[PDB]
Each structure stands twice: as C-alpha cells, then as structure tokens.
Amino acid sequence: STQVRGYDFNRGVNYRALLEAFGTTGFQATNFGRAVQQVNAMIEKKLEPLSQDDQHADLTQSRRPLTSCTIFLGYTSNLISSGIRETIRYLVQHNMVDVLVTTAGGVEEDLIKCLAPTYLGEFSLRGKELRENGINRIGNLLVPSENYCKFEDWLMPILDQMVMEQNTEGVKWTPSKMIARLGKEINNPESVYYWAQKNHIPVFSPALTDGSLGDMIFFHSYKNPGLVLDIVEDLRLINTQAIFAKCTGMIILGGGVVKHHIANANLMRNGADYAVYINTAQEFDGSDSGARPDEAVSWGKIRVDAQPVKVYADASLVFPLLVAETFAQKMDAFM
C-alpha cells in the first residue's frame, strides 16, 4: 500500500518531480497520475512492432497502416476554441493518435483560427452588450462575428467544388470525407485538420451540421443545391477502425456525442483496452456525459480487465500536463 505524500518544495522546483508527486497527493491529483500511467501503457503498446498485411485496408477501406494499438482521441468543440487546439494539433501532426472524434464546432473553429484569432474575455460578460458589438462568447473566450464572415468567404468556393465533384465525379460525401477536404484546403500547419488528412487520420463528427459549418452549408444549398452528407458510410468506417484493431485506447476530453460515439465503436470489439476520460460532468443526472468509465464496462465498451481512469478536471488545465508526461516524452519514438 502506498502512502500519501506531496511534493516537498524544500527540494526546490523540479517540474518533472512535481508532476510525478501528483500520484501520491490524492484526490484528482492521484487520478492524474493514474492517467499518465494508462496513456503511457497505450503508447508503449502502440510502439510494439507487429506483423500483418492489404487485407486490413480492404475491410477498413483505409490507407492508414495498422499499429499494435489504435488510439481514439475525442474532444468537444470548446477545447478547439481554447489553446488545447495547439495540444491536439501537436499529437495529430506527429501521427500519435489514429482516429479523431469531435463536434461540428470542433471542426470549424480550428479552420477559422487560421483566418482570424479567438480572444480572451470573461464568463461574466453580458450577452446584450456583446451582441451589440458583434462579439460572440464561448466560456471566457470571445470570437468576433466577422470571423464567420471570413469563414463564409473561404468556404463557399469549396462547397461549389464539392457539389460539382459529387454530381459528375461520383463522390459520395460524408462528414469525415468533408473534414479531410477542408483540412487539405486550409493548407496551414497550425490546423488540426490539415495535419489529420496529411497523416491519414480520419475525423468523425456525425452531427457536423450542428454549427456554423451547418449554417454555411444551409445558405450555400439555396445558391447551389445538391450537397448530400451521408452518415451511414462514416459509421462503417469508424466501426471498422475498432473491429480490426489489435488493441484500442480511448482518450476522451469532455462529454456528449464524442464520448458516446467512440465508446460505441469499441463495443464492436467488446471493449477498449485502455481508457482515459477528462471532464467535469457528473453522474447523478444519469447522462452519458457524466457516467464513470465503469458504466461503459457494464456495456462492454471497456473491457472488464481494463483499468480505466477518469480525471474530474477542466481539460484546459490537465491535458497539456498529461501530454507533457506521456506523448511528448516519446517524440523520438514517433520519428
């Protein structure tokens, strides 16, 4: 049995030792330490050599090579509005995860940040005055409305090409296919989705129309009717990523559809081997967002022998620390 003991600042300030001490500090600090261990277990399993074949690509319909552990990373839109956008972009840029799952805000806000920035503000700011000045609030963040005007100008010509390619080149569009195209078009190394499509990391977002991107598509469809986005084919693509995995881990930031969609794909292989949740949602109202990992065990979305971890924390604080002690330590092994 391990004793409780916090970091002793009489040693001075060594950050690596400070973070290691979280494991024995208790409460959510201990769960953070447990999360470092689970993610490092995922990474070490991923780095094990493997031997397998063209077969894989025919049943997944993916160009992505299999590894010894397929890592699903899911995150809510607000985290793409935050600086965790840079954290996620880093992992995708270096091919450290295999599948992304977000909400529609979580696609478009990455793209818009390549056109214009998001600013710091305060939770307290009143909507009346903000609206009168053309500013939209996201938590304690602020996005000028003009940001979406620039987004519209950038996007309309691409939508025109997508409709044309659909009606004459046979393209059957889905959200993931669309997200890849937008990342290719934004063509900017600051963008998560630019790196994802370059590295053949698919992005699933079955509610992609539920945001500003949806708005644009709606307005565009009266100037250029025709665009269809199918969600059934994306279901086959994400589920096959899970079924034909050697091992799977889930890193899930926040709740909602991103949490559920990743968990349900792993129910196809009767469960994920590793799982970390980081969110502030609570169980007591029965919502999937607030459920402990152990609920997902009852369903088989996480294997009974797994040691899943939830850290009850704002991921804006915890996720960069987690990456610092896990993925960022093994950068040499990813090149």
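The first residue of the sequence shown is number 1, and the count goes up from there.
> Could you bin the unmodelled part of the deposited chain lying between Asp305 and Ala306 as none, 1 to 3, 4 to 9, or 10 or more?
The entry has no gap there; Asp305 and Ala306 are joined directly.
> Between 124 to 132 and 89 to 97, name whichever shows the higher mean Cα B factor according to the PDB entry.
Higher mean C-alpha B-factor in the PDB entry: 124 to 132.
> What stretch has the higher average Cα B-factor here, 260 to 268 or 180 to 188?
Mean B over CA atoms: larger for 260 to 268.
> Looking at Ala275, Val36, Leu50, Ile278, which one carries the largest C-alpha B-factor according to the PDB entry?
Checking the PDB record, the top C-alpha B-factor among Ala275, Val36, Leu50, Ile278 is at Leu50.
> Please place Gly26 in the lowest, middle or highest third of its chain by C-alpha B factor as given in the entry.
It falls in the bottom third of the chain.
> What third of its chain, lowest, middle or highest, does the C-alpha temperature factor of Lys223 fall into?
Answer is middle: the recorded C-alpha B-factor places it there.
> Sort the modelled residues of this chain by their C-alpha B factor and say whether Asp230 lands in the lowest, middle or highest third.
For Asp230, the deposited C-alpha B-factor lands in the middle third.
> Which third, lowest, middle or highest, does the C-alpha temperature factor of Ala242 belong to within its own chain?
It belongs to the highest third of the chain when residues are ordered by C-alpha B-factor.
> How does the C-alpha B factor of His200 compare with the rest of the chain: lowest, middle or highest third?
Middle third of the chain for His200's C-alpha B-factor.
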